[PDB]
There are 2 protein chains.
Amino acid sequence: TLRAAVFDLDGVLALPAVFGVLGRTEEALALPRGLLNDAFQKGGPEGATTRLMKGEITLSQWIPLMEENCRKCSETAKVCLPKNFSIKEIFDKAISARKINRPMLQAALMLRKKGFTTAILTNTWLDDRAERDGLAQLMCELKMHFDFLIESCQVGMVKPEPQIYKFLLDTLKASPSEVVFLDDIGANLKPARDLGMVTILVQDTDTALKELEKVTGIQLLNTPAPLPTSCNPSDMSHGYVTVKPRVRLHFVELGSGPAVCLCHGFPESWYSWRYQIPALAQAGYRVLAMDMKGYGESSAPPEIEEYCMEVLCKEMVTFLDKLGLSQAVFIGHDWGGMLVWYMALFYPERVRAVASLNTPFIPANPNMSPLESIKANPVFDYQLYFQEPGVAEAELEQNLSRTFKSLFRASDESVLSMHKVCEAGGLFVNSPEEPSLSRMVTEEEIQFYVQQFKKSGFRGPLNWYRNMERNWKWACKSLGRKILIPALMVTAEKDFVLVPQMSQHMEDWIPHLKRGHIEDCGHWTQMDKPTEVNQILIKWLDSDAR
Amino acid sequence: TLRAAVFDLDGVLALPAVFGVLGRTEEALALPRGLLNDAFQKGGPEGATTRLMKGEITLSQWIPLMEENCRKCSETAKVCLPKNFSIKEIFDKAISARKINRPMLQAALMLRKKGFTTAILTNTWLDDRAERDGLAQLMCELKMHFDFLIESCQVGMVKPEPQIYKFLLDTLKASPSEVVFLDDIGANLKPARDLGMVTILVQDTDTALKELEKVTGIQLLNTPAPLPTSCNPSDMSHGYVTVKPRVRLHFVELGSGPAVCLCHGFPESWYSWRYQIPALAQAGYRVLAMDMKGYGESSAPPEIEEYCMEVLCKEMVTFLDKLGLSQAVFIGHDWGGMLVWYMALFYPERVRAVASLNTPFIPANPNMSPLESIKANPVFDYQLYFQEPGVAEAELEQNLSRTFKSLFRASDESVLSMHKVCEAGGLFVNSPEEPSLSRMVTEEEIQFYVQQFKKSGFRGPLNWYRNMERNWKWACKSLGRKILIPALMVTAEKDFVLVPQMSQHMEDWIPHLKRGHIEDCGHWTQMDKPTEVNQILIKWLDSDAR
Ligand SMILES: CC1(C)C(=O)Nc2ccc(-c3ccc(F)cc3)cc21
Ligand SMILES: CC1(C)C(=O)Nc2ccc(-c3ccc(F)cc3)cc21
């Protein structure tokens with residue numbers, strides 16, 4: 001029975017094959033057929049290309065040897081290479097044109113999800129070209145999804161030599177009959193076949209994937225749209241910044257490029273952005289996913305006033321100061337969404353661009369108490385239940401697994417009576433002790449939130465709602481301002497509290513505001529509709545956040 | 001007696017004054033004298049500029065009000081503003097031309113070093129211009145050097161109103177007679193003077209600094225060249241990445257831009273780069289200063305093989321993978337310098353550029369054992385003392401303060417007999433029990449290293465020298481390669497072990513190698529000559545690392 005799948009890089013996980021450019025160049029330049037492919041393989045196991053693939057020499061040392069071989073081949077075929085012939089140019093274009101073969105990666109991802117050990121086995125080179133970063137980027141994106149990456153130039157062995165196959169089996173800790181090996185070169189399949197491995201000659205991806213599903217008995221073709229890549233907490237870079245004597249802020253960091261600071265809502269974590277972090281980093285951004293003050297590995301002081309917007313915003317500015325960041329793009333959800341609008345209003349010089357999921361920008365009404373304003377809308381009643389210190393903490397901390405399983409549910413799975421919370425005596429009075437697992441989350445994802453909330457509980461997080469008068473007084477100072485920096489408002493059709501219509505007047509205060517809208521999306525936006533959140537955010541980032 | 005110094009921003013800590021552009025524009029456009037300055041102050045305390053400075057409105061809301069005032073003033077003076085007159089253009093140019101007044105900052109730095117509480121008190125605005133980042137950058141660089149930053153637009157008060165002065169005194173927790181107040185506007189000095197504060201009207205910096213030194217009794221003018229800004233460990237962003245089950249890597253992070261990964265030597269810390277971190281971040285780079293494997297907050301497994309170059313390099317690649325970085329510039333010193341050359345040789349696709357301080361690149365000699373090669377040079381004898389597990393650990397761990405005070409000394413303070421270590425029975429046999437403090441370090445800086453080494457000791461750090469045969473075998477695989485990516489070699493005149501002449505053949509293997517050289521520099525390069533290290537690295541980064 002199969003328990004391992006091995007994939008080649010060129011012509012299998014990455015298309016078009018770099019090899020096939022030797023043929024295309026021949027046709028474009030009207031050179032004798034196979035001339036470039038002949039000079040490429042010249043000398044066979046003793047040749048320049050084999051030395052390159054074994055790591056004896058670098059790609060830049062190989063370029064003049066290939067040119068020298070191209071001349072000798074043309075001299076024999078009684079032909080002349082054009083005025084401006086360049087192996088460097090040919091390969092630079094070929095390498096940058098090569099992209100990930102998405103359905104092949106999807107199949108490898110699906111096999112690994114079903115318990116398979118996966119690996120990339122490739123005949124490759126040590127790339128020291130001025131433009132080597134393009135290929136470094138491709139290898140980084142691909143390799144993360146596999147258990148092993150075996151590169152000929154690092155191991156000093158090359159396919160079709162029998163030793164590399166014995167090396168692969170030792171790395172996999174598997175018998176050859178347990179292995180599927182996919183390659184676009186028949187000669188390179190041959191030793192794997194002769195050893196007893198199942199082999200697939202890859203020409204078109206579709207036929208290769210049909211052969212792959214028939215032999216594994218796992219559906220890989222025509223399968224539903226996969227979720228974006230998530231985060232394994234133990235594999236992330238974890239950062240810690242002391243913003244003041246008793247306050248440290250924790251964040252997870254991924255990628256290079258303009259800093260994108262992600263600000264979760266209540267009662268969440270950096271992990272609420274798990275489906276956005278790999279996507280935004282891959283789109284060319286340096287993601288900083290916060291544990292907001294009161295949460296996870298960040299400090300959680302008990303004082304209510306430690307959680308007013310003025311204090312929270314000041315601390316986020318210090319967070320940027322200590323990291324040496326002059327600016328960051330601020331993206332928030334729920335309470336994080338409220339914080340990001342006030343970062344834009346009070347510190348525009350520090351905010352590259354601002355985006356909010358669900359949370360509209362509504363200015364303070366200076367002729368009405370915030371307590372009065374909130375009583376007007378019956379959907380905001382649950383926030384009055386949060387006012388009395390200790391009441392909501394006791395119910396939310398009682399059973400953590402029940403708390404998160406009850407809260408994190410899609411719009412058509414809701415188990416909560418949001419009205420009338422105070423009167424009913426609690427959020428979960430008509431809710432089960434053992435809620436069923438929502439289709440949005442796994443048991444393990446719930447257990448991550450449970451473990452995070454074991455440290456500081458719900459006091460600090462609930463304190464965010466306990467500064468309505470302080471926040472109102474501070475917000476009134478901004479009543480003559482407008483938000484004029486790049487801004488995005490993302491509405492969720494089925495958020496029954498932060499309703500899309502509440503954002504309707506925003507253009508009066510943010511004239512150049514851009515919008516996104518997600519149909520059939522509840523309150524837990526990032527995990528409810530991750531693919532669409534990523535599409536909207538990446539599109540807005542590339543256009544407005546530089 | 002004075003214990004606090006307060007500085008204005010425009011015309012005092014930053015020059016040329018943004019105000020003075022109103023006058024220059026008048027002269028350039030041949031407009032009536034004081035016309036632009038009149039429309040700027042139009043309406044006085046009730047005017048548009050006062051509302052701006054109090055934070056009632058943003059800079060972009062103010063621009064059309066200023067234009068409207070400029071028209072009314074021109075209509076009265078019976079003049080016509082030119083075809084293409086733009087307040088936006090005038091102020092964009094004025095703000096970007098304004099730079100830090102270096103000698104004024106140096107004086108504030110010197111006063112704070114002598115126990116003074118320092119603050120910036122400024123009449124400023126909420127900047128929402130498309131080009132606001134330039135000013136955000138300036139405020140970030142300046143503010144870090146002061147105890148307090150009081151901005152009119154954040155406090156809703158403005159100079160010369162008496163309330164802002166009472167607010168300043170409350171923030172300083174000082175009586176007015178204890179305060180020196182420096183301002184370029186006479187009207188703004190007046191309430192501070194009337195309260196009993198010492199006031200300096202700032203026209204030219206030199207005269208202002210003479211007045212400042214006469215009143216404080218502290219030399220501020222003609223004082224020696226200051227050291228670059230250092231790091232306070234508790235104020236840095238601390239990052240943590242698990243590279244494998246038993247191995248976590250710690251780093252300090254500062255700045256935005258291309259990632260620059262700093263790799264210390266033996267027996268050091270991320271803190272050895274304390275004078276480079278703020279400088280490189282200010283030059284436009286994202287600095288990642290490592291605690292290398294075996295050190296500080298990074299894991300220190302006991303096995304010798306955990307510290308061979310192959311393992312260390314692989315882990316540094318995983319470190320980049322987990323952070324989502326496709327590349328980084330690698331800068332190393334001593335053992336870190338050796339690691340960076342092999343990162344360039346084995347992983348060029350992941351290395352944006354490579355630089356080494358003191359450590360030359362010398363290829364493996366495949367016809368000689370590394371143990372033989374090292375015996376040939378008597379300066380490398382101390383490395384043989386490091387071979388036997390437990391011997392060097394015992395002497396180095398015996399008295400940590402003695403260890404670091406003995407090691408970290410300039411070329412003309414050396415206390416160590418580097419020959420013949422093994423024969424003499426130790427590094428510190430002819431060294432004092434209580435070494436005098438080197439001119440390069442403070443007691444507090446030594447105590448930081450002492451506290452760091454209390455965690456894991458010297459086993460992991462010494463293990464870096466215990467893989468000579470393993471490293472030699474791995475290095476021989478690279479003998480046919482060349483380093484062709486951007487590279488910098490920095491030599492230290494007085495490093496008696498890693499001598500400048502040892503780097504002489506490097507061009508044979510790195511043909512496009514760039515060089516730097518530091519005269520009168522010992523082995524502890526970063527702390528011995530910080531200003532010159534920063535100049536060489538910043539110059540090479542801006543030219544070759546993009
Ligand atoms: C799902 C539902 C109704 C919706 O449609 N919008 C919101 C907003 C907040 C909460 C919420 C958050 C925390 C908590 F403890 C209780 C309820 C729940 C919801
Ligand atoms: C200062 C001096 C001689 C010099 O000029 N070059 C070097 C290189 C290494 C060490 C050193 C490092 C660690 C240790 F434990 C002992 C000596 C000491 C030196």
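Read the numbers this way: they start at 1 and go in the same order the structure lists the ligands and their atoms. Below, chains carry the letters A, B, ... as their sequence lines are ordered, and counting in each starts from 1. All values below come from the heavy atoms of this structure, side chains included, with hydrogens, waters and symmetry mates left out.
Heavy atoms of B/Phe386 found under 4.0 angstrom from ligand 2 belong exclusively to the side chain. Contacts of B/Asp334 with ligand 2, taken as heavy-atom pairs under 4.0 Å, are absent altogether.
Between A/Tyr382 and ligand 1, no pair of N/O atoms sits closer than 3.5 Å. Considering backbone and side-chain atoms alike, A/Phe496 places an N or O below 3.5 Å from some N or O of ligand 1.
B/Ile304 meets the side chain to side chain contact (heavy atoms under 4.5 Å, CB included) test with B/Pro389, B/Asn463, B/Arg466, B/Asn467; sequence neighbours excluded. With sequence neighbours excluded, the residues that form a side chain to side chain donor-acceptor pair (under 3.5 Å) with B/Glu443 are B/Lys405, B/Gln447.
Nearest non-hydrogen protein atom to atom 3 (C) of ligand 1 is A/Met418 CE, 3.5 Å. From the protein, the heavy atom lying nearest to atom 12 (C) of ligand 2 is B/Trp524 CH2, 3.9 Å. Looking only at heavy atoms of the protein, atom 1 (C) of ligand 1 is closest to A/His523 CB, 4.2 Å. Counting protein heavy atoms only, atom 14 (C) of ligand 1 is closest to A/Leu407 CD2, 3.5 Å.
Near A/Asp495, meaning under 4.0 Å from one of its heavy atoms, ligand 1 places the atoms 4 (C), 5 (O), 6 (N), 7 (C). The distance from ligand 1 to the heavy atoms of A/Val497 drops below 4.0 Å at these ligand atoms: 6 (N), 7 (C), 8 (C).
Residues B/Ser272 and B/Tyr449 bring a donor and an acceptor atom of their side chains to less than 3.5 Å of each other. Judged by distance alone, the side chains of B/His517 and B/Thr491 do bring a donor and an acceptor atom under 3.5 Å apart.
Although no hydrogens or angles enter the test, the distance criterion places no donor-acceptor pair under 3.5 Å between the side chain of A/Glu433 and the main chain of A/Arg402.
Remark: A/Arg439 does not engage A/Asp528 in a salt bridge, criterion side-chain N to carboxylate O under 4.0 Å.
Side-chain rings of A/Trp524 and A/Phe408 approach one another, their centers coming within less than 6.0 Å.
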